$ cat final_11.csv   # CSV, N, CA and C atoms
chain,number,residue,atom,x,y,z
A,7,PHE,N,13.9,19.5,-18.5
A,7,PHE,CA,14.7,18.9,-17.5
A,7,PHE,C,15.1,19.9,-16.4
A,8,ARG,N,14.9,19.4,-15.2
A,8,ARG,CA,15.2,20.3,-14.0
A,8,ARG,C,15.3,19.4,-12.8
A,9,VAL,N,16.4,19.6,-12.0
A,9,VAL,CA,16.5,18.9,-10.7
A,9,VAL,C,16.9,20.0,-9.7
A,10,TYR,N,16.3,19.9,-8.5
A,10,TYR,CA,16.7,20.9,-7.4
A,10,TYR,C,16.7,20.1,-6.1
A,11,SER,N,17.8,19.4,-5.8
A,11,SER,CA,17.8,18.5,-4.6
A,11,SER,C,19.2,18.4,-4.1
A,12,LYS,N,19.4,18.2,-2.8
A,12,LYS,CA,20.6,17.8,-2.3
A,12,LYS,C,21.0,16.4,-2.7
A,13,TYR,N,20.1,15.6,-3.1
A,13,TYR,CA,20.3,14.2,-3.3
A,13,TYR,C,20.0,13.8,-4.7
A,14,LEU,N,21.1,13.2,-5.4
A,14,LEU,CA,21.0,12.9,-6.8
A,14,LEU,C,21.2,11.4,-7.0
A,15,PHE,N,20.4,10.9,-7.9
A,15,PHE,CA,20.5,9.5,-8.4
A,15,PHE,C,20.8,9.5,-9.9
A,16,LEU,N,22.0,9.1,-10.2
A,16,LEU,CA,22.5,9.1,-11.6
A,16,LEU,C,22.5,7.7,-12.2
A,17,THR,N,22.2,7.5,-13.4
A,17,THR,CA,22.4,6.2,-14.1
A,17,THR,C,23.0,6.5,-15.4
A,18,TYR,N,24.2,6.0,-15.7
A,18,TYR,CA,24.8,6.1,-17.0
A,18,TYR,C,24.6,4.7,-17.7
A,19,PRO,N,23.7,4.7,-18.6
A,19,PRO,CA,23.4,3.4,-19.3
A,19,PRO,C,24.6,3.0,-20.2
A,20,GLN,N,24.8,1.7,-20.4
A,20,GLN,CA,25.9,1.3,-21.3
A,20,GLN,C,27.2,1.9,-21.1
A,21,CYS,N,27.6,1.9,-19.8
A,21,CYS,CA,28.8,2.7,-19.4
A,21,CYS,C,29.8,1.8,-18.7
A,22,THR,N,31.0,1.8,-19.2
A,22,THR,CA,32.1,1.0,-18.8
A,22,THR,C,33.1,1.6,-17.8
A,23,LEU,N,32.8,2.9,-17.4
A,23,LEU,CA,33.7,3.6,-16.5
A,23,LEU,C,33.9,2.8,-15.2
A,24,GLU,N,35.1,2.8,-14.6
A,24,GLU,CA,35.3,2.2,-13.3
A,24,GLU,C,34.5,3.0,-12.3
A,25,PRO,N,33.7,2.4,-11.4
A,25,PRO,CA,33.0,3.2,-10.4
A,25,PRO,C,33.8,4.2,-9.6
A,26,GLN,N,35.1,3.8,-9.2
A,26,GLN,CA,35.9,4.7,-8.4
A,26,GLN,C,36.2,6.0,-9.2
A,27,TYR,N,36.6,5.8,-10.5
A,27,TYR,CA,37.0,6.9,-11.3
A,27,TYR,C,35.8,7.9,-11.6
A,28,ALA,N,34.7,7.3,-11.8
A,28,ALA,CA,33.5,8.1,-12.0
A,28,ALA,C,33.2,8.9,-10.7
A,29,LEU,N,33.3,8.2,-9.6
A,29,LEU,CA,33.0,8.8,-8.3
A,29,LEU,C,34.0,10.0,-8.1
A,30,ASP,N,35.3,9.8,-8.3
A,30,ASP,CA,36.2,10.9,-8.1
A,30,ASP,C,36.0,12.1,-9.0
A,31,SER,N,35.6,11.8,-10.2
A,31,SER,CA,35.3,12.9,-11.1
A,31,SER,C,34.0,13.6,-10.8
A,32,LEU,N,33.0,12.9,-10.3
A,32,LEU,CA,31.8,13.5,-9.9
A,32,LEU,C,32.0,14.4,-8.6
A,33,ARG,N,32.9,14.1,-7.8
A,33,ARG,CA,33.3,14.9,-6.6
A,33,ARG,C,33.6,16.3,-7.1
A,34,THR,N,34.4,16.4,-8.2
A,34,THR,CA,34.7,17.7,-8.7
A,34,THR,C,33.6,18.4,-9.5
A,35,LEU,N,32.9,17.6,-10.4
A,35,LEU,CA,31.9,18.2,-11.2
A,35,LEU,C,30.8,18.8,-10.3
A,36,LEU,N,30.5,18.2,-9.1
A,36,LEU,CA,29.5,18.7,-8.3
A,36,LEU,C,30.0,19.5,-7.1
A,37,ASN,N,31.2,20.1,-7.3
A,37,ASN,CA,31.8,20.7,-6.1
A,37,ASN,C,31.1,22.0,-5.7
A,38,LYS,N,30.3,22.6,-6.5
A,38,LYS,CA,29.6,23.8,-6.1
A,38,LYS,C,28.6,23.5,-5.0
A,39,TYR,N,28.1,22.2,-4.9
A,39,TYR,CA,27.1,21.8,-4.0
A,39,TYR,C,27.7,21.1,-2.7
A,40,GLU,N,29.0,21.0,-2.7
A,40,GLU,CA,29.7,20.4,-1.6
A,40,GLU,C,29.3,18.9,-1.3
A,41,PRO,N,29.7,18.0,-2.2
A,41,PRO,CA,29.4,16.6,-1.9
A,41,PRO,C,29.8,16.1,-0.6
A,42,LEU,N,29.0,15.4,0.1
A,42,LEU,CA,29.3,14.8,1.4
A,42,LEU,C,29.5,13.3,1.3
A,43,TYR,N,28.8,12.6,0.5
A,43,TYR,CA,28.8,11.1,0.4
A,43,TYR,C,28.5,10.8,-1.1
A,44,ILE,N,29.2,9.8,-1.6
A,44,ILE,CA,28.9,9.2,-2.9
A,44,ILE,C,29.0,7.7,-2.8
A,45,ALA,N,28.1,7.0,-3.5
A,45,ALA,CA,28.2,5.6,-3.7
A,45,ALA,C,28.0,5.3,-5.2
A,46,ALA,N,28.8,4.5,-5.8
A,46,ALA,CA,28.7,4.1,-7.2
A,46,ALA,C,28.9,2.6,-7.4
A,47,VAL,N,28.0,2.1,-8.3
A,47,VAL,CA,28.1,0.7,-8.6
A,47,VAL,C,28.0,0.5,-10.1
A,48,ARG,N,28.6,-0.5,-10.6
A,48,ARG,CA,28.3,-1.0,-12.0
A,48,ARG,C,27.4,-2.1,-12.0
A,49,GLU,N,26.1,-1.9,-12.4
A,49,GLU,CA,25.2,-3.0,-12.5
A,49,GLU,C,25.4,-3.7,-13.9
A,50,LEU,N,25.3,-5.0,-13.9
A,50,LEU,CA,25.4,-5.8,-15.1
A,50,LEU,C,24.0,-6.3,-15.3
A,51,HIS,N,23.4,-5.9,-16.4
A,51,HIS,CA,22.1,-6.5,-16.8
A,51,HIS,C,22.3,-8.0,-17.2
A,52,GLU,N,21.3,-8.8,-17.3
A,52,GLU,CA,21.4,-10.2,-17.7
A,52,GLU,C,22.0,-10.4,-19.1
A,53,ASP,N,21.9,-9.4,-20.0
A,53,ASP,CA,22.6,-9.4,-21.2
A,53,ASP,C,24.0,-9.1,-21.2
A,54,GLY,N,24.6,-8.8,-20.0
A,54,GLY,CA,26.0,-8.4,-19.8
A,54,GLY,C,26.3,-7.0,-19.9
A,55,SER,N,25.3,-6.1,-20.3
A,55,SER,CA,25.6,-4.7,-20.5
A,55,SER,C,25.7,-4.0,-19.1
A,56,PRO,N,26.7,-3.0,-19.1
A,56,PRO,CA,26.9,-2.3,-17.8
A,56,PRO,C,26.2,-1.0,-17.7
A,57,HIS,N,25.7,-0.7,-16.5
A,57,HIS,CA,25.0,0.5,-16.2
A,57,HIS,C,25.5,1.0,-14.9
A,58,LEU,N,26.0,2.2,-14.9
A,58,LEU,CA,26.7,2.8,-13.7
A,58,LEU,C,25.7,3.7,-13.0
A,59,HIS,N,25.4,3.3,-11.7
A,59,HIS,CA,24.5,4.0,-10.9
A,59,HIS,C,25.3,4.8,-9.8
A,60,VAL,N,24.9,6.0,-9.5
A,60,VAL,CA,25.6,6.8,-8.5
A,60,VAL,C,24.5,7.5,-7.6
A,61,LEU,N,24.7,7.4,-6.3
A,61,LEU,CA,24.0,8.2,-5.4
A,61,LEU,C,25.0,9.3,-4.8
A,62,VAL,N,24.6,10.6,-4.9
A,62,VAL,CA,25.3,11.7,-4.4
A,62,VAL,C,24.5,12.4,-3.3
A,63,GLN,N,25.0,12.5,-2.1
A,63,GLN,CA,24.4,13.4,-1.1
A,63,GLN,C,25.3,14.6,-1.0
A,64,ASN,N,24.7,15.8,-1.2
A,64,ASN,CA,25.4,17.1,-1.2
A,64,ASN,C,25.0,17.8,0.1
A,65,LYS,N,25.8,18.7,0.5
A,65,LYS,CA,25.5,19.6,1.6
A,65,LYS,C,24.5,20.7,1.2
A,66,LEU,N,24.6,21.1,0.0
A,66,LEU,CA,23.7,22.2,-0.6
A,66,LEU,C,22.8,21.6,-1.6
A,67,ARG,N,21.6,22.2,-1.6
A,67,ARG,CA,20.6,21.8,-2.6
A,67,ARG,C,21.0,22.2,-4.0
A,68,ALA,N,21.2,21.2,-4.9
A,68,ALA,CA,21.8,21.3,-6.2
A,68,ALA,C,20.8,21.6,-7.3
A,69,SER,N,20.9,22.8,-7.9
A,69,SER,CA,20.1,23.1,-9.1
A,69,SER,C,20.9,22.6,-10.3
A,70,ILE,N,20.3,21.7,-11.0
A,70,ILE,CA,20.9,21.2,-12.3
A,70,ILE,C,19.8,21.3,-13.4
A,71,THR,N,20.1,22.2,-14.3
A,71,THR,CA,19.3,22.5,-15.5
A,71,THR,C,19.9,22.2,-16.8
A,72,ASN,N,21.2,21.9,-16.8
A,72,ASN,CA,21.9,21.5,-18.0
A,72,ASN,C,22.0,20.0,-18.0
A,73,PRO,N,21.2,19.3,-18.9
A,73,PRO,CA,21.2,17.9,-18.9
A,73,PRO,C,22.5,17.2,-19.2
A,74,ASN,N,23.5,18.0,-19.7
A,74,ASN,CA,24.8,17.4,-20.0
A,74,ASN,C,25.9,17.8,-18.9
A,75,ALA,N,25.4,18.3,-17.8
A,75,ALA,CA,26.4,18.9,-16.8
A,75,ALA,C,27.2,17.7,-16.2
A,76,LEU,N,26.7,16.5,-16.2
A,76,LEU,CA,27.4,15.4,-15.5
A,76,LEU,C,27.9,14.4,-16.5
A,77,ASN,N,28.0,14.7,-17.8
A,77,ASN,CA,28.6,13.8,-18.8
A,77,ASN,C,30.1,13.5,-18.4
A,78,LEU,N,30.5,12.3,-18.7
A,78,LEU,CA,31.9,11.9,-18.4
A,78,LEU,C,32.5,11.2,-19.6
A,79,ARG,N,33.8,11.5,-19.9
A,79,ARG,CA,34.4,10.8,-21.0
A,79,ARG,C,35.5,9.8,-20.4
A,80,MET,N,35.6,8.6,-21.0
A,80,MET,CA,36.6,7.7,-20.6
A,80,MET,C,38.0,8.2,-21.1
A,81,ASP,N,39.0,7.7,-20.4
A,81,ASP,CA,40.4,8.2,-20.6
A,81,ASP,C,41.3,7.3,-21.4
A,82,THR,N,40.7,6.3,-22.1
A,82,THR,CA,41.4,5.5,-23.0
A,82,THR,C,40.5,5.2,-24.3
A,83,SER,N,41.1,4.7,-25.3
A,83,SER,CA,40.3,4.5,-26.6
A,83,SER,C,39.1,3.6,-26.3
A,84,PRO,N,37.9,3.9,-26.9
A,84,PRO,CA,37.7,4.9,-27.9
A,84,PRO,C,37.2,6.2,-27.4
A,85,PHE,N,37.5,6.6,-26.1
A,85,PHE,CA,37.2,7.9,-25.6
A,85,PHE,C,35.7,8.3,-25.6
A,86,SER,N,34.9,7.3,-25.4
A,86,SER,CA,33.4,7.5,-25.4
A,86,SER,C,33.0,8.5,-24.4
A,87,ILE,N,32.0,9.2,-24.7
A,87,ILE,CA,31.3,10.1,-23.7
A,87,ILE,C,30.1,9.3,-23.2
A,88,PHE,N,29.9,9.4,-21.9
A,88,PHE,CA,28.7,8.7,-21.2
A,88,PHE,C,27.8,9.8,-20.6
A,89,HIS,N,26.6,9.7,-21.0
A,89,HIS,CA,25.5,10.7,-20.6
A,89,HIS,C,24.6,10.0,-19.6
A,90,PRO,N,24.4,10.6,-18.4
A,90,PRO,CA,23.5,9.9,-17.4
A,90,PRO,C,22.1,10.5,-17.5
A,91,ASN,N,21.2,9.6,-17.0
A,91,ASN,CA,19.9,10.1,-16.5
A,91,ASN,C,20.2,10.7,-15.1
A,92,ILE,N,19.7,11.9,-14.9
A,92,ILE,CA,19.9,12.7,-13.7
A,92,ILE,C,18.6,12.8,-13.0
A,93,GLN,N,18.4,12.3,-11.8
A,93,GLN,CA,17.1,12.4,-11.1
A,93,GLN,C,17.4,12.8,-9.6
A,94,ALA,N,16.4,13.4,-9.0
A,94,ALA,CA,16.5,13.5,-7.6
A,94,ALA,C,16.3,12.2,-6.9
A,95,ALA,N,17.1,11.9,-5.9
A,95,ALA,CA,17.0,10.7,-5.1
A,95,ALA,C,15.9,10.9,-4.1
A,96,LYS,N,14.7,10.3,-4.3
A,96,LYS,CA,13.6,10.6,-3.4
A,96,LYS,C,13.8,10.1,-2.0
A,97,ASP,N,14.5,9.0,-1.9
A,97,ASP,CA,14.7,8.3,-0.6
A,97,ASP,C,16.1,7.8,-0.7
A,98,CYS,N,17.1,8.5,0.0
A,98,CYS,CA,18.5,8.1,-0.1
A,98,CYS,C,18.7,6.6,0.4
A,99,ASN,N,18.0,6.2,1.4
A,99,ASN,CA,18.2,4.9,2.0
A,99,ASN,C,17.7,3.8,1.0
A,100,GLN,N,16.6,4.1,0.3
A,100,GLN,CA,16.1,3.2,-0.7
A,100,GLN,C,17.1,3.1,-1.9
A,101,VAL,N,17.6,4.3,-2.4
A,101,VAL,CA,18.5,4.3,-3.5
A,101,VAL,C,19.8,3.6,-3.1
A,102,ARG,N,20.3,3.9,-1.9
A,102,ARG,CA,21.5,3.2,-1.5
A,102,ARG,C,21.3,1.7,-1.5
A,103,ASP,N,20.2,1.2,-1.0
A,103,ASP,CA,20.0,-0.2,-1.1
A,103,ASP,C,19.9,-0.7,-2.5
A,104,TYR,N,19.3,0.0,-3.4
A,104,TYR,CA,19.3,-0.4,-4.8
A,104,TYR,C,20.7,-0.5,-5.3
A,105,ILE,N,21.5,0.5,-5.1
A,105,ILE,CA,22.9,0.5,-5.6
A,105,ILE,C,23.8,-0.6,-5.0
A,106,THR,N,23.8,-0.6,-3.7
A,106,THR,CA,24.8,-1.5,-3.0
A,106,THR,C,24.3,-2.9,-2.7
A,107,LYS,N,23.0,-3.2,-2.9
A,107,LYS,CA,22.6,-4.6,-2.7
A,107,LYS,C,21.8,-5.1,-3.8
A,108,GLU,N,20.8,-4.4,-4.3
A,108,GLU,CA,19.8,-5.0,-5.2
A,108,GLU,C,20.4,-5.3,-6.6
A,109,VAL,N,21.1,-4.4,-7.2
A,109,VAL,CA,21.6,-4.7,-8.6
A,109,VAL,C,22.7,-5.7,-8.5
A,110,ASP,N,22.8,-6.5,-9.6
A,110,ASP,CA,23.9,-7.4,-9.7
A,110,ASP,C,25.2,-6.6,-10.1
A,111,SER,N,26.3,-6.8,-9.4
A,111,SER,CA,27.6,-6.3,-9.8
A,111,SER,C,28.7,-7.3,-9.5
A,112,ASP,N,29.6,-7.5,-10.4
A,112,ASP,CA,30.8,-8.3,-10.1
A,112,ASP,C,32.0,-7.5,-9.8
A,113,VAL,N,31.9,-6.3,-9.6
A,113,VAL,CA,33.1,-5.5,-9.1
A,113,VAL,C,32.7,-4.7,-7.9
A,114,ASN,N,33.7,-4.2,-7.1
A,114,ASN,CA,33.4,-3.6,-5.9
A,114,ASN,C,32.6,-2.3,-6.1
A,115,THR,N,31.8,-2.0,-5.1
A,115,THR,CA,31.1,-0.7,-4.9
A,115,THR,C,32.2,0.4,-4.6
A,116,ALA,N,32.1,1.6,-5.2
A,116,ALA,CA,33.0,2.7,-4.7
A,116,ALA,C,32.2,3.6,-3.8
A,117,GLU,N,32.8,3.9,-2.7
A,117,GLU,CA,32.1,4.8,-1.7
A,117,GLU,C,33.1,5.8,-1.2
A,118,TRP,N,32.6,7.0,-0.9
A,118,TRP,CA,33.4,8.1,-0.3
A,118,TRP,C,32.5,8.9,0.6
A,119,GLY,N,33.1,9.3,1.8
A,119,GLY,CA,32.4,10.1,2.7
A,119,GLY,C,31.7,9.4,3.8
A,120,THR,N,31.0,10.2,4.6
A,120,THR,CA,30.1,9.6,5.7
A,120,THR,C,28.7,9.7,5.2
A,121,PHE,N,28.0,8.6,5.3
A,121,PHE,CA,26.6,8.6,4.8
A,121,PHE,C,25.8,9.6,5.7
A,122,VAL,N,24.9,10.4,5.0
A,122,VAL,CA,24.1,11.3,5.6
A,122,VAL,C,22.7,10.7,6.0
A,123,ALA,N,22.3,10.8,7.2
A,123,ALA,CA,21.0,10.3,7.7
A,123,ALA,C,20.0,11.4,7.3
A,124,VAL,N,19.2,11.1,6.3
A,124,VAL,CA,18.3,12.1,5.8
A,124,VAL,C,17.0,12.1,6.6
A,125,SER,N,16.5,13.3,6.8
A,125,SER,CA,15.2,13.5,7.5
A,125,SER,C,14.1,13.1,6.6
$ encode --input "final_11.csv" --output "structure tokens"
Amino acid sequence: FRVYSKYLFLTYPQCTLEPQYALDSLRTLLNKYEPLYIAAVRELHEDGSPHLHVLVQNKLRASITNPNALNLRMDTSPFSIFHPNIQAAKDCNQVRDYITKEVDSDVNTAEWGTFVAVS
């Protein structure tokens, strides 16, 4: 496992975290890279299961080699830990469309910051 990119696409499978609270926590977990923009959605699969997708655009190219670096724990019972798939976002515009339009969600998208126009 290795990622080295300003632009991260995270998916937490089977994850019930509120998008806003995951976003706020990722702002601190990724603070070494100076996050500039985050979007987070809860996708619902057709079986009802939730999957939390996050796009992070950082100012600095982020080296992530610890696959557990972005795990998050919920703050109420049963205090589950959620482990994400961490990938480079190859095309932030495509990933943002996936998160904010393509996936089915019945709750609001969480966003923070000014979207970066990537070269």
$ closest_residue --input "final_11.csv" --among "A:48, A:85, A:121, A:80" --to "residue 25 of chain A" --atoms "only N, CA and C atoms"
A:48
$ atom_distance --input "final_11.csv" --atom1 "atom C of residue 83 of chain A" --atom2 "atom N of residue 41 of chain A"
29.6 Å
$ select_by_dssp --input "final_11.csv" --residues "chain A" --states "strand (DSSP E or B)" --output "PyMOL selection string"
chain A and resi 9-19+41-50+56-70+78-79+87-88+91-94+116-119
$ write_last_selection --input "final_11.csv" --atoms "N, CA and C atoms" --output "compact mmCIF listing (two decimals), in the frame of the given file"
# COMPACT_ATOMS: atom_id res chain seq x y z
N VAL A 9 16.40 19.60 -12.00
CA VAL A 9 16.50 18.90 -10.70
C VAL A 9 16.90 20.00 -9.70
N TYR A 10 16.30 19.90 -8.50
CA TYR A 10 16.70 20.90 -7.40
C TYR A 10 16.70 20.10 -6.10
N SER A 11 17.80 19.40 -5.80
CA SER A 11 17.80 18.50 -4.60
C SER A 11 19.20 18.40 -4.10
N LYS A 12 19.40 18.20 -2.80
CA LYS A 12 20.60 17.80 -2.30
C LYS A 12 21.00 16.40 -2.70
N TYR A 13 20.10 15.60 -3.10
CA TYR A 13 20.30 14.20 -3.30
C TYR A 13 20.00 13.80 -4.70
N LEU A 14 21.10 13.20 -5.40
CA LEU A 14 21.00 12.90 -6.80
C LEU A 14 21.20 11.40 -7.00
N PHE A 15 20.40 10.90 -7.90
CA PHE A 15 20.50 9.50 -8.40
C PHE A 15 20.80 9.50 -9.90
N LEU A 16 22.00 9.10 -10.20
CA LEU A 16 22.50 9.10 -11.60
C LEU A 16 22.50 7.70 -12.20
N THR A 17 22.20 7.50 -13.40
CA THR A 17 22.40 6.20 -14.10
C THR A 17 23.00 6.50 -15.40
N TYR A 18 24.20 6.00 -15.70
CA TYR A 18 24.80 6.10 -17.00
C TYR A 18 24.60 4.70 -17.70
N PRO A 19 23.70 4.70 -18.60
CA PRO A 19 23.40 3.40 -19.30
C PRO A 19 24.60 3.00 -20.20
N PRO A 41 29.70 18.00 -2.20
CA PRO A 41 29.40 16.60 -1.90
C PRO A 41 29.80 16.10 -0.60
N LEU A 42 29.00 15.40 0.10
CA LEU A 42 29.30 14.80 1.40
C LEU A 42 29.50 13.30 1.30
N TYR A 43 28.80 12.60 0.50
CA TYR A 43 28.80 11.10 0.40
C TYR A 43 28.50 10.80 -1.10
N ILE A 44 29.20 9.80 -1.60
CA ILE A 44 28.90 9.20 -2.90
C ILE A 44 29.00 7.70 -2.80
N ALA A 45 28.10 7.00 -3.50
CA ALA A 45 28.20 5.60 -3.70
C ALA A 45 28.00 5.30 -5.20
N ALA A 46 28.80 4.50 -5.80
CA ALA A 46 28.70 4.10 -7.20
C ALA A 46 28.90 2.60 -7.40
N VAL A 47 28.00 2.10 -8.30
CA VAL A 47 28.10 0.70 -8.60
C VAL A 47 28.00 0.50 -10.10
N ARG A 48 28.60 -0.50 -10.60
CA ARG A 48 28.30 -1.00 -12.00
C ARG A 48 27.40 -2.10 -12.00
N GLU A 49 26.10 -1.90 -12.40
CA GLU A 49 25.20 -3.00 -12.50
C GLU A 49 25.40 -3.70 -13.90
N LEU A 50 25.30 -5.00 -13.90
CA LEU A 50 25.40 -5.80 -15.10
C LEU A 50 24.00 -6.30 -15.30
N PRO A 56 26.70 -3.00 -19.10
CA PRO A 56 26.90 -2.30 -17.80
C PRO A 56 26.20 -1.00 -17.70
N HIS A 57 25.70 -0.70 -16.50
CA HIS A 57 25.00 0.50 -16.20
C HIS A 57 25.50 1.00 -14.90
N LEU A 58 26.00 2.20 -14.90
CA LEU A 58 26.70 2.80 -13.70
C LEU A 58 25.70 3.70 -13.00
N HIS A 59 25.40 3.30 -11.70
CA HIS A 59 24.50 4.00 -10.90
C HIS A 59 25.30 4.80 -9.80
N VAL A 60 24.90 6.00 -9.50
CA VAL A 60 25.60 6.80 -8.50
C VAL A 60 24.50 7.50 -7.60
N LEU A 61 24.70 7.40 -6.30
CA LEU A 61 24.00 8.20 -5.40
C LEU A 61 25.00 9.30 -4.80
N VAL A 62 24.60 10.60 -4.90
CA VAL A 62 25.30 11.70 -4.40
C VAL A 62 24.50 12.40 -3.30
N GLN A 63 25.00 12.50 -2.10
CA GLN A 63 24.40 13.40 -1.10
C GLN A 63 25.30 14.60 -1.00
N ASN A 64 24.70 15.80 -1.20
CA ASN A 64 25.40 17.10 -1.20
C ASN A 64 25.00 17.80 0.10
N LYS A 65 25.80 18.70 0.50
CA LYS A 65 25.50 19.60 1.60
C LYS A 65 24.50 20.70 1.20
N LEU A 66 24.60 21.10 0.00
CA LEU A 66 23.70 22.20 -0.60
C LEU A 66 22.80 21.60 -1.60
N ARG A 67 21.60 22.20 -1.60
CA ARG A 67 20.60 21.80 -2.60
C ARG A 67 21.00 22.20 -4.00
N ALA A 68 21.20 21.20 -4.90
CA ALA A 68 21.80 21.30 -6.20
C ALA A 68 20.80 21.60 -7.30
N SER A 69 20.90 22.80 -7.90
CA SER A 69 20.10 23.10 -9.10
C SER A 69 20.90 22.60 -10.30
N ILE A 70 20.30 21.70 -11.00
CA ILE A 70 20.90 21.20 -12.30
C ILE A 70 19.80 21.30 -13.40
N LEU A 78 30.50 12.30 -18.70
CA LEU A 78 31.90 11.90 -18.40
C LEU A 78 32.50 11.20 -19.60
N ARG A 79 33.80 11.50 -19.90
CA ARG A 79 34.40 10.80 -21.00
C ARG A 79 35.50 9.80 -20.40
N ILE A 87 32.00 9.20 -24.70
CA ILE A 87 31.30 10.10 -23.70
C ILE A 87 30.10 9.30 -23.20
N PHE A 88 29.90 9.40 -21.90
CA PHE A 88 28.70 8.70 -21.20
C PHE A 88 27.80 9.80 -20.60
N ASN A 91 21.20 9.60 -17.00
CA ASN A 91 19.90 10.10 -16.50
C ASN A 91 20.20 10.70 -15.10
N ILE A 92 19.70 11.90 -14.90
CA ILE A 92 19.90 12.70 -13.70
C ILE A 92 18.60 12.80 -13.00
N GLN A 93 18.40 12.30 -11.80
CA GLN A 93 17.10 12.40 -11.10
C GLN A 93 17.40 12.80 -9.60
N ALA A 94 16.40 13.40 -9.00
CA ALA A 94 16.50 13.50 -7.60
C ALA A 94 16.30 12.20 -6.90
N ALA A 116 32.10 1.60 -5.20
CA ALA A 116 33.00 2.70 -4.70
C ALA A 116 32.20 3.60 -3.80
N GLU A 117 32.80 3.90 -2.70
CA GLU A 117 32.10 4.80 -1.70
C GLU A 117 33.10 5.80 -1.20
N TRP A 118 32.60 7.00 -0.90
CA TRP A 118 33.40 8.10 -0.30
C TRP A 118 32.50 8.90 0.60
N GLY A 119 33.10 9.30 1.80
CA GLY A 119 32.40 10.10 2.70
C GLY A 119 31.70 9.40 3.80
$ closest_residue --input "final_11.csv" --among "A:99, A:17, A:77, A:111" --to "residue 60 of chain A" --atoms "only C-alpha atoms"
A:17
$ closest_residue --input "final_11.csv" --among "A:11, A:56, A:91, A:46" --to "residue 30 of chain A" --atoms "only C-alpha atoms"
A:46
$ residues_near_point --input "final_11.csv" --point "(30.3, 10.0, -2.8)" --cutoff "9 Å" --atoms "only C-alpha atoms" --output "PyMOL selection string"
chain A and resi 29-30+32-33+41-46+60-64+116-121
